[PDB]
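Given as structure tokens, the chain that follows is alone and in the form deposited in one PDB entry.
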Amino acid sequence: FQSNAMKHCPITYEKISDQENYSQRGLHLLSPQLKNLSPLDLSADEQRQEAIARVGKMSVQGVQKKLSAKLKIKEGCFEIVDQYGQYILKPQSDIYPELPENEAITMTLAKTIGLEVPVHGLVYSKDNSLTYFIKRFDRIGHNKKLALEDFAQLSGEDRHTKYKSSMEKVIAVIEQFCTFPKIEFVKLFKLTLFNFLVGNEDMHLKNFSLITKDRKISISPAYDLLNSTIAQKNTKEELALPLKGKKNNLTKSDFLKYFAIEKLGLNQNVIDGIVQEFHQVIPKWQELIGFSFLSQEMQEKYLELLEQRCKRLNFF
């Protein structure tokens, strides 16, 4: 067949047999008592139509079509809902290729480098298409939602503002509102290097949010991370928001000196240690991309971009 076999778990990427759809460890990340995960009973097209119709009740922001869902643990399936959803589902786009598979692997790469990333993965659909899922990090069960505000709201911008900002304004939000800004600066540094390496030119203003939890206001867990470059036919920029006024032709010193030191004030030992973490993780990322549910064509685009971004930071 034209597709290469996909022999790993859509949640953990560990090896599984042909007769399994998910690893046991993956099912248990959803719930230790989940014994199976049935496919969604809607095709990709039906899922998109439902997302469009349910958008007024959708309490999670983001322009991509999304569905709210609960996990029915004893039955072993997702159920689409309007209220008290615990998961977000993202079906295949009708425009861009492999968005669920791309977001799934990219979030997994972010988790591998130590960023805070919620449980996520892929679930099969009625038509065999893969839908992305992520656990809500602002609600557990039917309890109160934790306070969550995106950086457009916090920086005084209109609700629709995504690209008319800058990294320096993102930094200013953290300085103004976070309980321990210097802890958050380390996260921002890792996130921004990560986004450069994986081709995420769509880390826009509304992809940063502050959550109020455990007596502190902090940058939220990661959400909506994708190699947006490989999903598009043409891109002219590397960053969604300028850094040092630049959205392309970023240099190693722009990230490791201007950003890390002049803007974030990180000490050299901290910078050096994080850079080494990225150096060490590259072979694991390459292996995971190979184990992913991306097509061979998209794996090749991911790996080619990753190699070029690593070279620009002198990784090798």
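Note that the rigid core is defined as the largest set of C-alphas that superpose within 1.5 Å between two forms. One rule holds for the numbers: they count along the sequence shown, beginning at 1.
When the C-alpha B-factors of 71 to 79 and 230 to 238 are averaged, 71 to 79 comes out higher. Higher mean CA temperature factor, per the PDB entry, when comparing 152 to 160 with 167 to 175: 152 to 160. Comparing the C-alpha B-factors of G141, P118, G121, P91 in the entry, the top value falls on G141. Note on the listed residues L243, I95, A104, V198: the highest Cα temperature factor in the record is that of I95. Per the deposited record, the Cα B-factor of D18 falls in the highest third when ranked against the other modelled residues of its chain. When the modelled residues of the chain are ordered by their C-alpha B factor, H204 lands in the lowest third. The PDB entry assigns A222 a C-alpha temperature factor belonging to the middle third of its chain's modelled residues.
The PDB entry assigns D127 a C-alpha temperature factor belonging to the middle third of its chain's modelled residues. Per the PDB record, residue ranking by Cα B-factor puts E262 in the middle third of the chain.
Note that the form deposited with a partner chain bound isn't included here; everything after this is about it.
The partner is absent here; in the bound PDB entry, the one residue of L154, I134, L241, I174 having a heavy atom within 4.5 Å of its partner chain is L154.
When its partner chain is considered in the bound PDB entry, only one residue from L115, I217, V119, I73 comes within 4.5 Å through any heavy atom, namely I217. Residue contact with its partner chain in the bound PDB entry: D150 places a heavy atom within 4.5 Å of it. Although the partner is absent from this view, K236 stays clear of its partner chain in the bound PDB entry, with no non-hydrogen atom inside 4.5 angstroms. Heavy atoms of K145 reach within 4.5 Å of its partner chain in the bound PDB entry, making it an interface residue. Using a 4.5 angstroms threshold between heavy atoms, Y84 counts as touching its partner chain in the bound PDB entry. Here the chain stands alone, but in the bound PDB entry its contact with its partner chain, taken as any heavy atom within 4.5 Å, falls in 56 to 64 among 286 to 294, 56 to 64, 263 to 271, 244 to 252. Summarising the superposition on the core between the shown form and the other one, the listed residues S166, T235, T161, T179 contain exactly one with a Cα shift of 2 Å or larger, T161. With the core superposed, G141 shows a C-alpha displacement of at least 2 Å between the shown form and the other one. The Cα position of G62 differs by 2 Å or more between the shown form and the other one after fitting on the rigid core.
Relative to the superposed rigid core, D94 undergoes a CA displacement smaller than 2 Å between the shown form and the other one. In the bound PDB entry, the CA atoms of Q92 and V63 draw together by 3 angstroms or more relative to this form. In the bound PDB entry, the CA atoms of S93 and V63 come closer by at least 3 angstroms compared with the shown structure.
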